[PDB]
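Keeping their order, the protein sequence lines are chains V and U.
Residue 707 is where the first sequence starts when you use this note's numbering, and the numbers rise one by one after that.
Residue 13 is where the second sequence starts when you use this note's numbering, and the numbers rise one by one after that.
Worksheet: one structure, shown below.
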Amino acid sequence: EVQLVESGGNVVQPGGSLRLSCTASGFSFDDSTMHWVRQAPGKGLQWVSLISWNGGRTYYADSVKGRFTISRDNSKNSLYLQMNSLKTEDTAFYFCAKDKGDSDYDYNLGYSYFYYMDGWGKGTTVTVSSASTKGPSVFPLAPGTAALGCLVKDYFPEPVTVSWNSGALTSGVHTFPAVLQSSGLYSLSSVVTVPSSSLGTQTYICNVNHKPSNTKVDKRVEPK
Amino acid sequence: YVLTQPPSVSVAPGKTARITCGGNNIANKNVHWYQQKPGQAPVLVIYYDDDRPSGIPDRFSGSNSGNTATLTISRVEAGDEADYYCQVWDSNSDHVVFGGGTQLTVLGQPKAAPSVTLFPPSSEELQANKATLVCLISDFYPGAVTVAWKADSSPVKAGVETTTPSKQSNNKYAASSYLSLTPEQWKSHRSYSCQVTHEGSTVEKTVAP
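Here it is as structure tokens:
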């Protein structure tokens with residue numbers, strides 16, 4: 707019934723700019739204030755800014771002030787966010803929120819509004835780095851059980867996938883999260899525990915696929 | 013304005029769970045709680061302190077007093093695992109303010125111990141004039157570890173990275189930890205050691221040139 711489909715975000719360089727959009731539908735867009743909230747990878751939620759049902763009132767989070775600008779076009783069911791002089795810090799996920807607008811109105815006592823978001827979207831991803839897309843180097847991690855795998859290191863940007871014997875071997879396989887280097891390059895691993903008695907009779911091939919570079923590395927892992 | 017929440021809490025299926033969110037005279041503020049499961053989009057569970065949306069089970073309740081407002085979940089189920097954020101609106105700086113968040117860990121598995129495996133610099137990587145020690149901790153529960161590298165007794169922090177626990181296929185947990193050296197540094201020292209700490213215990217493996 708209610709929906710919120712964010713869009714627009716991509717990979718930007720420190721200093722560049724970007725403008726995010728938000729499509730609403732399933733409710734009177736005009737009767738609601740809207741919110742922009744971000745969330746760093748695996749970090750807490752952070753409030754960026756908001757905008758009243760018309761525009762009478764719009765505030766910016768202390769950090770994003772002087773760099774960001776919010777806007778809306780009620781005639782198109784859309785919310786907008788312009789981001790200038792970008793920083794690596796600003797890299798995160800981004801959600802547009804919906805608020806009922808609730809408030810208590812007094813003409814001689816003062817206007818006091820209440821803000822709570824009762825409708826979230828899934829969001830769009832923003833990455834701000836000065837690195838250039840690059841394929842990954844794949845080194846072999848060789849060994850009543852034993853573990854072996856691949857070391858997919860130095861690549862950009864996300865993501866990269868992995869498999870074994872062309873998806874044939876699945877049992878015991880665990881592809882890890884990607885850590886972030888001090889160079890701005892990603893890295894990870896793919897371990898596969900197997901019976902250390904069936905070695906020398908079965909082959910183990912690490913099939914890597916970095917798609918933002920069209921690379922496909924195949925390493926066979928054997929004992930040392 | 014500051015909202016301080018606890019990192020994590022743990023409960024058993026049945027027992028109830030508390031979650032603290034406190035700030036000076038917070039009673040003046042209308043608190044709201046959000047449930048964000050891994051991946052999906054956040055969800056309002058409780059607003060205006062007590063008020064609760066339909067669709068949210070009676071097992072949710074709100075409180076607010078002095079310097080601490082609390083969120084209570086009863087008859088805790090499995091599908092209740094998630095992160096919970098308290099939020100309020102400030103008036104003297106027109107700020108919406110969030111809290112650190114809290115992980116809800118519903119124990120439905122017999123806690124187990126880590127399995128550390130330490131890989132040394134591969135034959136190729138060294139020919140590339142590079143060196144990377146890879147620590148691999150697997151099959152543990154719950155997902156909460158503490159890694160530390162050392163070179164010949166003396167501690168080592170410069171140039172380390174570590175992933176965050178992630179649920180395997182058998183529902184157990186696993187992590188990663190990389191240490192980057194130059195071949196010169198890899199030769200000078202006599203041994204490097206990966207040290208994992210899991211709820212008191214300290215399982216450790218070591219590799220040398």
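The beta carbon of each residue, even a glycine, is placed where N, CA and C say it ideally should be.
For residue i, which residues from the same chain have a beta carbon less than 6 Å from its beta carbon, with the 5 sequence-adjacent residues on both sides left out?
i	result
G841/V	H916, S919 and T921
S843/V	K859 and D860
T80/U	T32 and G34
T209/U	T158
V146/U	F131 and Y190
For residue i and residue j, what's the separation of their Cα atoms in angstroms?
i	j	result
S781/V	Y811/V	27 Å
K179/U	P883/V	11 Å
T114/U	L83/U	11 Å
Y819/V	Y153/U	45 Å
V834/V	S181/U	32 Å
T175/U	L857/V	14 Å
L119/U	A90/U	8 Å
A156/U	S809/V	43 Å
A730/V	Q719/V	29 Å
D151/U	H107/U	43 Å
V923/V	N913/V	6 Å
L787/V	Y822/V	20 Å
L193/U	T881/V	24 Å
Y190/U	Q709/V	41 Å
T794/V	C98/U	27 Å
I31/U	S77/U	14 Å
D62/U	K123/U	35 Å
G74/U	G111/U	16 Å
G35/U	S723/V	37 Å
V885/V	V927/V	23 Å
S889/V	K184/U	32 Å
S872/V	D102/U	55 Å
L875/V	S869/V	8 Å
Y46/U	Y59/U	9 Å
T214/U	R64/U	45 Å
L726/V	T764/V	17 Å
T830/V	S105/U	28 Å
Going by the beta-carbon positions, is the gap between residue i and residue j smaller than 8 Å?
i	j	result
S738/V	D805/V	yes
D95/U	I85/U	no
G850/V	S896/V	no
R773/V	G761/V	no
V128/U	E216/U	yes
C33/U	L130/U	no
residue 952/V	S134/U	Outside the displayed range of chain V (707 to 930) lies residue 952/V, so it cannot be described from this structure.
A837/V	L891/V	yes
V57/U	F72/U	yes
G878/V	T907/V	no
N42/U	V109/U	no
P195/U	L138/U	yes
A29/U	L116/U	yes
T797/V	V832/V	yes
Does residue i pass the burial test, meaning 16 or more other C-beta atoms within 10 Å, or should it be called exposed?
i	result
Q52/U	exposed
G715/V	buried
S22/U	exposed
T144/U	buried
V14/U	exposed
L815/V	exposed
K169/U	exposed
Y817/V	exposed
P863/V	buried
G67/U	exposed
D164/U	exposed
Comparing the CB of residue i with every heavy atom of the ligand FMN, is any distance shorter than 7 Å?
i	result
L724/V	The model depicted lacks the ligand FMN and carries no ligand whatsoever.
To which residues of the same chain is residue i closer than 8 Å at the C-beta, ignoring the five residues directly before and after it?
i	result
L905/V	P849, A852 and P929
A767/V	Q752, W753, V754 and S755
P25/U	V88, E89, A90, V118, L119 and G120
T218/U	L130, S203, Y204, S205 and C206
Can you find the residues in the same chain that come closer than 7 Å, C-beta to C-beta, to residue i, ignoring five residues on each side of it along the sequence?
i	result
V743/V	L751, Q752, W753, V754, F801 and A803
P221/U	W198 and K199
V711/V	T729 and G827
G825/V	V708, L710, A803 and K804
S769/V	none
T909/V	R926
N790/V	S723 and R773
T867/V	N915
TODO: Scan the region 871-898 of chain V for residues whose Cβ lies nearer than 9 Å to a Cβ of chain U and list them as they occur along the chain.
DONE: Hits within the stretch, in order: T876, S877, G878, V879, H880, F882, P883, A884, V885, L886, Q887, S888, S893, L894, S895 and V897.
- [ ] May I ask you to list, following chain order, the residues of the region 62-82 of chain U that have a beta carbon less than 7 Å from some beta carbon of chain V?
- [x] Closer than 7 Å at the C-beta level to chain V, one finds no residue of the region 62-82 of chain U.
- [ ] Give the residues from the region 109-134 of chain U that approach chain V closer than 8 Å (Cβ to any Cβ), ordered along the chain.
- [x] Residues of the region 109-134 of chain U that bring their beta carbon within less than 8 Å of a beta carbon in chain V comprise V109, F110, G111, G112, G113, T129, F131 and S134, in sequence order.
Task: Residues in the region 185-206 of chain U having any Cβ partner in chain V nearer than 7 Å - done: Here the close residues are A186, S188 and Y190.
Task: Members of the region 47-59 of chain U that neighbour chain V once the beta carbon cut-off is set at 8 Å - done: Cβ contacts with chain V: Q48, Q52, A53, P54, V55, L56 and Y59.
Task: Contact set between the region 817-828 of chain V and chain U, restricted to residues whose Cβ is under 9 Å from the partner - done: Under the 9 Å Cβ criterion, the region 817-828 of chain V contributes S818, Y819, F820, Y821, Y822, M823, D824, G825, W826, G827 and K828.
Open item on the list: Can you pull out the residues from the region 831-855 of chain V whose beta carbon lies closer than 7 Å to at least one beta carbon of chain U?
Closed with: Going along the region 831-855 of chain V in chain order, one finds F845, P846, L847 and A853 with a Cβ nearer than 7 Å to chain U.
Open item on the list: Please identify, using Cβ separations under 9 Å, the residues of the region 83-110 of chain U that lie next to chain V, in order along the chain.
Closed with: For the region 83-110 of chain U, the set of positions with a beta-carbon nearer than 9 Å to some beta-carbon of chain V reads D95, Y97, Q99, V100, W101, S103, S105, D106, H107, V108, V109 and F110 in chain order.
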